[PDB]
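One file, model35.txt, is given below (compact mmCIF, C-alpha atoms and all ligand atoms).
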# COMPACT_ATOMS: atom_id res chain seq x y z
CA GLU A 16 42.66 76.60 44.73
CA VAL A 17 41.86 72.87 44.61
CA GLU A 18 43.70 70.22 46.64
CA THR A 19 43.65 66.61 45.45
CA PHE A 20 44.04 63.74 47.92
CA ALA A 21 44.42 59.98 47.60
CA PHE A 22 41.90 57.79 49.39
CA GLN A 23 43.42 55.40 51.88
CA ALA A 24 43.78 52.03 50.19
CA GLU A 25 41.02 50.42 52.27
CA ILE A 26 38.50 53.16 51.44
CA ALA A 27 39.35 52.94 47.73
CA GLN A 28 38.77 49.19 48.07
CA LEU A 29 35.41 49.74 49.79
CA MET A 30 34.33 52.15 47.05
CA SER A 31 35.20 49.86 44.14
CA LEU A 32 33.42 47.01 45.94
CA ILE A 33 30.30 49.19 46.18
CA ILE A 34 30.67 50.20 42.54
CA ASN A 35 31.51 46.82 41.03
CA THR A 36 29.52 44.24 43.03
CA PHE A 37 26.22 43.17 41.49
CA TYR A 38 23.60 44.25 44.03
CA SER A 39 20.04 45.14 43.07
CA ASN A 40 18.76 46.70 46.33
CA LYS A 41 20.30 50.11 45.61
CA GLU A 42 17.60 52.18 47.34
CA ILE A 43 19.29 51.75 50.73
CA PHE A 44 21.62 54.64 49.84
CA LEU A 45 18.88 57.10 50.78
CA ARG A 46 18.24 55.42 54.12
CA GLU A 47 21.96 55.64 54.92
CA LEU A 48 22.30 59.32 53.98
CA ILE A 49 19.16 60.31 55.89
CA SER A 50 20.43 58.35 58.89
CA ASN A 51 23.77 60.17 58.63
CA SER A 52 21.89 63.49 58.57
CA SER A 53 19.89 62.45 61.64
CA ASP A 54 23.13 61.70 63.50
CA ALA A 55 24.56 65.12 62.58
CA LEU A 56 21.38 66.84 63.75
CA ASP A 57 21.52 64.90 67.03
CA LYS A 58 25.06 66.21 67.60
CA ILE A 59 24.24 69.90 67.19
CA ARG A 60 21.11 69.52 69.34
CA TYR A 61 23.18 67.95 72.13
CA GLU A 62 25.71 70.78 71.99
CA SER A 63 22.92 73.37 71.99
CA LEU A 64 21.52 71.87 75.21
CA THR A 65 24.34 73.41 77.27
CA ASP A 66 25.22 76.29 74.89
CA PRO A 67 22.29 77.88 73.02
CA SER A 68 24.60 80.06 70.90
CA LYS A 69 25.59 77.00 68.85
CA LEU A 70 22.26 77.52 67.04
CA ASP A 71 23.09 81.14 66.13
CA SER A 72 24.01 79.73 62.70
CA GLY A 73 20.44 78.43 62.38
CA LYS A 74 17.76 77.22 64.78
CA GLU A 75 15.87 74.85 62.46
CA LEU A 76 16.82 71.17 62.54
CA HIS A 77 15.55 69.50 59.38
CA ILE A 78 16.29 67.38 56.31
CA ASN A 79 15.42 68.39 52.73
CA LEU A 80 15.40 66.10 49.69
CA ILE A 81 15.76 68.06 46.44
CA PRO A 82 15.56 66.21 43.11
CA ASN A 83 16.52 68.03 39.92
CA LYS A 84 15.82 66.24 36.63
CA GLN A 85 17.64 68.84 34.51
CA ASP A 86 20.94 68.46 36.38
CA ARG A 87 20.15 64.78 37.13
CA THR A 88 21.03 65.32 40.80
CA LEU A 89 19.46 64.30 44.10
CA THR A 90 20.51 66.55 46.98
CA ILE A 91 20.17 65.70 50.68
CA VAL A 92 20.40 68.83 52.85
CA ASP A 93 20.59 68.82 56.63
CA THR A 94 21.16 71.55 59.21
CA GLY A 95 23.26 69.31 61.49
CA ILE A 96 26.65 69.99 63.06
CA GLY A 97 28.51 70.01 59.75
CA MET A 98 32.11 69.07 59.12
CA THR A 99 35.43 70.87 59.44
CA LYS A 100 38.05 70.74 56.68
CA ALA A 101 39.95 68.18 58.78
CA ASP A 102 36.79 66.08 59.09
CA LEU A 103 36.22 66.14 55.33
CA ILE A 104 39.78 64.97 54.68
CA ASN A 105 39.53 62.36 57.47
CA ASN A 106 36.96 60.31 55.52
CA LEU A 107 34.07 62.74 56.16
CA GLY A 108 34.16 62.37 59.92
CA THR A 109 34.02 58.56 59.98
CA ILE A 110 36.32 55.81 61.22
CA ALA A 111 36.32 54.44 57.69
CA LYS A 112 39.52 52.38 57.94
CA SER A 113 38.37 50.21 60.84
CA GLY A 114 34.75 50.39 59.68
CA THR A 115 35.62 48.97 56.26
CA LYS A 116 37.69 46.25 57.92
CA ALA A 117 34.75 45.12 60.08
CA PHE A 118 32.31 45.52 57.17
CA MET A 119 34.29 43.29 54.84
CA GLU A 120 34.75 40.53 57.43
CA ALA A 121 31.00 40.63 58.05
CA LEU A 122 30.36 40.25 54.31
CA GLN A 123 32.46 37.12 53.94
CA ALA A 124 30.72 35.80 57.09
CA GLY A 125 27.26 36.09 55.54
CA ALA A 126 26.17 39.75 55.55
CA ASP A 127 25.07 41.82 52.57
CA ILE A 128 25.74 45.37 51.42
CA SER A 129 22.57 46.83 52.98
CA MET A 130 24.19 46.41 56.42
CA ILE A 131 26.96 48.93 55.57
CA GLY A 132 25.42 51.53 57.88
CA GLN A 133 26.07 49.39 60.95
CA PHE A 134 29.82 49.81 60.33
CA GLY A 135 29.91 53.62 60.11
CA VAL A 136 30.65 53.91 56.39
CA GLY A 137 27.09 54.24 55.11
CA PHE A 138 28.02 57.46 53.27
CA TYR A 139 29.90 55.50 50.60
CA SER A 140 26.70 53.67 49.63
CA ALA A 141 26.02 56.90 47.71
CA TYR A 142 28.12 55.33 44.94
CA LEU A 143 25.47 52.64 44.47
CA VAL A 144 23.55 55.23 42.43
CA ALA A 145 25.91 58.18 41.82
CA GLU A 146 28.84 58.49 39.43
CA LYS A 147 30.02 61.61 41.29
CA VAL A 148 29.32 62.96 44.79
CA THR A 149 29.76 66.54 46.00
CA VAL A 150 29.62 67.36 49.73
CA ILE A 151 29.14 70.99 50.77
CA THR A 152 29.50 71.54 54.50
CA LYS A 153 29.77 74.26 57.15
CA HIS A 154 30.76 73.69 60.79
CA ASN A 155 30.56 76.45 63.41
CA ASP A 156 34.35 76.34 63.92
CA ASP A 157 35.41 76.47 60.25
CA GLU A 158 34.63 77.93 56.83
CA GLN A 159 32.44 76.44 54.09
CA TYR A 160 34.15 73.69 52.09
CA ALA A 161 33.34 71.44 49.13
CA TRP A 162 34.42 67.79 48.87
CA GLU A 163 34.12 65.95 45.56
CA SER A 164 34.93 62.50 44.18
CA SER A 165 34.07 60.38 41.15
CA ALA A 166 35.84 57.47 42.92
CA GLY A 167 38.91 56.33 40.97
CA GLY A 168 41.14 56.62 44.03
CA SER A 169 41.09 60.38 44.64
CA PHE A 170 38.99 63.22 46.01
CA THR A 171 39.27 67.01 46.04
CA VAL A 172 38.63 69.68 48.66
CA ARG A 173 38.22 73.39 48.02
CA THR A 174 36.84 76.45 49.73
CA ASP A 175 33.26 76.77 48.52
CA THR A 176 32.33 80.12 46.94
CA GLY A 177 28.72 79.03 46.40
CA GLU A 178 25.58 79.86 48.34
CA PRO A 179 26.29 80.36 52.08
CA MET A 180 24.72 77.57 54.13
CA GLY A 181 24.90 78.82 57.71
CA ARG A 182 25.45 75.35 59.19
CA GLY A 183 25.04 71.77 58.02
CA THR A 184 25.87 69.42 55.17
CA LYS A 185 24.69 69.14 51.57
CA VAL A 186 25.25 65.85 49.73
CA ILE A 187 24.82 66.23 45.96
CA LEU A 188 24.43 62.93 44.10
CA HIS A 189 25.16 63.17 40.37
CA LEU A 190 23.12 60.12 39.41
CA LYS A 191 24.18 57.41 36.98
CA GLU A 192 22.31 57.40 33.68
CA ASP A 193 20.31 54.26 34.54
CA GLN A 194 19.38 55.42 38.06
CA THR A 195 17.03 58.34 37.37
CA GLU A 196 14.19 56.56 39.19
CA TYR A 197 15.46 58.18 42.40
CA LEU A 198 14.47 61.60 41.00
CA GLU A 199 10.77 60.69 40.74
CA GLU A 200 8.52 61.91 43.55
CA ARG A 201 6.63 58.68 44.19
CA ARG A 202 9.80 56.56 44.30
CA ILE A 203 11.49 58.84 46.85
CA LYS A 204 8.31 58.90 48.96
CA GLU A 205 8.14 55.09 48.91
CA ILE A 206 11.76 54.75 50.06
CA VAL A 207 11.38 57.35 52.81
CA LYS A 208 8.23 55.71 54.18
CA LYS A 209 9.79 52.24 53.97
CA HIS A 210 13.13 52.97 55.64
CA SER A 211 12.96 56.33 57.43
CA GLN A 212 9.40 56.60 58.77
CA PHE A 213 10.69 57.09 62.34
CA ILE A 214 13.45 59.68 61.82
CA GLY A 215 12.93 62.38 64.44
CA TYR A 216 13.33 65.39 62.14
CA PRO A 217 11.05 66.78 59.42
CA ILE A 218 11.94 65.40 55.98
CA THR A 219 10.70 67.70 53.22
CA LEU A 220 10.62 66.28 49.69
CA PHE A 221 10.85 69.19 47.26
CA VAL A 222 8.87 69.11 44.01
CA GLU A 223 9.84 70.30 40.54
CA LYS A 224 8.21 72.68 38.05
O1 LIG A 301 8.86 52.96 59.40
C1 LIG A 301 9.98 52.15 59.07
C2 LIG A 301 11.25 52.59 59.76
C3 LIG A 301 12.31 51.71 59.91
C4 LIG A 301 13.47 52.12 60.54
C5 LIG A 301 13.58 53.41 61.02
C6 LIG A 301 12.53 54.28 60.88
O2 LIG A 301 12.64 55.59 61.37
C7 LIG A 301 13.78 56.03 62.00
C8 LIG A 301 13.67 56.28 63.36
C9 LIG A 301 14.80 56.73 64.01
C10 LIG A 301 15.97 56.93 63.30
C11 LIG A 301 15.96 56.66 61.95
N1 LIG A 301 14.88 56.21 61.29
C12 LIG A 301 11.36 53.88 60.25
Rewrite the structure from the file as structure tokens, please.
Ligand SMILES: OCc1cccc(Oc2ccccn2)c1
Amino acid sequence: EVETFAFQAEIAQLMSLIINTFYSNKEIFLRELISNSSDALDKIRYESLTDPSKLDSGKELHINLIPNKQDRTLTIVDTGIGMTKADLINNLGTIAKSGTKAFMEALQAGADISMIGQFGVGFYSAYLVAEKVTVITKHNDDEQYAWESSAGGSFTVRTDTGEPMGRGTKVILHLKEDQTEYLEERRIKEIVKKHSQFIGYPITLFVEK
């Protein structure tokens, strides 16, 4: 059972801007996704401060980076608060309509794409490097769901029958053919140290056989 949705016109416009604009500093996608994971971890920590049972779905608060050269995927896993089905449909929990509006005025007033995270729509920078993005997520108040889009104006949502997560979000980046540098260990390490050296959660870079 797969439901297909249309992006709001402004989000579709943001995505094709990210896809079609010439912009060489593509590595900022990883900074934005790690920063999104840090925000989600902050939220479940804050809720656990007054209600410890919110961590019954998992006590560890961390971020894992898993490259896979065979599948040509880079996966960012976090054990944050996760997303409900309604959040996934509502632009993955963001205020993307007003965020895109403020982002695109800032661009024509002298900003560049790397500032996308300041407008709340940093997730869509994933399409700087990925032809297709899959988001697996589990929130305490909902079941596990899978969001997917290759851009082109539409996305899908389905109940995920895959590996149970417990709680959190998994962003799977199916990388473009000319962007496999972001699967190499030393390149990921360089980006993490450059842009995310102060994130307050352990970032584990997985290695391959
Ligand atoms: O070292 C460089 C660097 C630049 C900017 C942020 C850095 O770490 C953090 C800290 C808190 C939240 C997110 N990222 C690190």
Report the closest atom pair, with its distance in Å rounded to one decimal, for each residue of segment 103-174 of chain A that has an atom no farther than 12 Å from segment 196-207 of chain A; count only C-alpha atoms, sort by chain and then rising residue number, and write it as CSV.
residue,atom,partner,partner_atom,distance
A:141,CA,A:197,CA,11.9
A:143,CA,A:197,CA,11.6
A:144,CA,A:197,CA,8.6
A:145,CA,A:197,CA,10.5
Expected file contents, prior selection, C-alpha atoms, as a short mmCIF file (atom, residue, chain, number, x, y, z; two decimals), in the coordinates of the input:
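Okay, again18.cif is ready:
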data_model
loop_
_atom_site.label_atom_id
_atom_site.label_comp_id
_atom_site.auth_asym_id
_atom_site.auth_seq_id
_atom_site.Cartn_x
_atom_site.Cartn_y
_atom_site.Cartn_z
CA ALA A 141 26.02 56.90 47.71
CA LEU A 143 25.47 52.64 44.47
CA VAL A 144 23.55 55.23 42.43
CA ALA A 145 25.91 58.18 41.82
#
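Picture a line from atom CA of residue 71 of chain A to atom CA of residue 57 of chain A; it runs 16.3 Å.
Taking only C-alpha atoms and all ligand atoms into account, ligand LIG 301 (chain A) lies nearest to A:50 out of the set A:165, A:50, A:99, A:194.
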Which residue of A:30, A:151, A:136, A:190 approaches residue 176 of chain A most closely, using all atoms listed in the file: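 So, comparing all the options, the nearest one is A:151.
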Residues of chain A that approach ligand LIG 301 (chain A) to 9 Å or less, counting all atoms listed in the file: could you list each one with the shortest pair of atoms and its distance in Å to one decimal, rows by chain and increasing residue number, as CSV?
residue,atom,partner,partner_atom,distance
A:46,CA,A:LIG301,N1,8.0
A:49,CA,A:LIG301,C11,7.8
A:50,CA,A:LIG301,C11,5.7
A:53,CA,A:LIG301,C10,7.0
A:54,CA,A:LIG301,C10,8.6
A:207,CA,A:LIG301,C12,8.2
A:208,CA,A:LIG301,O1,5.9
A:209,CA,A:LIG301,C1,5.1
A:210,CA,A:LIG301,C3,4.5
A:211,CA,A:LIG301,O2,4.0
A:212,CA,A:LIG301,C12,3.7
A:213,CA,A:LIG301,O2,2.6
A:214,CA,A:LIG301,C7,3.7
A:215,CA,A:LIG301,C9,6.0
A:216,CA,A:LIG301,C10,8.9
Counting all atoms listed in the file, the option among A:125, A:67, A:73, A:97 closest to residue 159 of chain A: A:97
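Proximity of A:72, A:40, A:23, A:123 to residue 153 of chain A, computed with only C-alpha atoms, is greatest for A:72.
Counting from atom CA of residue 149 of chain A, the distance to atom CA of residue 60 of chain A is 25.1 Å.
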For residue 221 of chain A, the nearest of the candidates A:74, A:114, A:81, A:103, counting all atoms listed in the file: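 Of A:74, A:114, A:81, A:103, the one nearest residue 221 of chain A, counting all atoms listed in the file, is A:81.
You will find atom CA of residue 90 of chain A at 11.7 Å from atom CA of residue 219 of chain A.
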Shell around residue 174 of chain A at 9 Å using only C-alpha atoms, local window under 2 positions removed, as a VMD selection string: chain A and resid 16 to 17 158 to 161 172 176
Please provide the set of residues having any atom within 8 Å of residue 135 of chain A, restricted to only C-alpha atoms, with same-chain residues fewer than 4 positions apart removed, written as an mmCIF file with C-alpha atoms, keeping the file's coordinate frame.
data_model
loop_
_atom_site.group_PDB
_atom_site.id
_atom_site.type_symbol
_atom_site.label_atom_id
_atom_site.label_comp_id
_atom_site.auth_asym_id
_atom_site.auth_seq_id
_atom_site.Cartn_x
_atom_site.Cartn_y
_atom_site.Cartn_z
ATOM 1 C CA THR A 109 34.020 58.560 59.980
ATOM 2 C CA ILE A 110 36.320 55.810 61.220
ATOM 3 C CA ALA A 111 36.320 54.440 57.690
ATOM 4 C CA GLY A 114 34.750 50.390 59.680
ATOM 5 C CA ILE A 131 26.960 48.930 55.570
#
Among the residues A:41, A:82, A:162, A:93, the one that comes closest to residue 193 of chain A [using all atoms listed in the file]: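 For residue 193 of chain A, the nearest of the candidates is A:41.
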Spatial neighbours of residue 33 of chain A, 8 Å, all atoms listed in the file, chain gap at least 6 places, as an NGL selection string: :A and (128 or 139-140 or 142-143)
Excluding residue 185 of chain A and residues on its chain fewer than 6 positions from it, collect all residues at most 6 Å away from it, counting all atoms listed in the file, and give them as a JSON list (two decimals) with C-alpha atoms, keeping the file's coordinate frame.
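Dumped everything to result_25.json:
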[["chain", "number", "residue", "atom", "x", "y", "z"],
["A", 91, "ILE", "CA", 20.17, 65.70, 50.68],
["A", 92, "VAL", "CA", 20.40, 68.83, 52.85],
["A", 150, "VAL", "CA", 29.62, 67.36, 49.73],
["A", 151, "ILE", "CA", 29.14, 70.99, 50.77]]
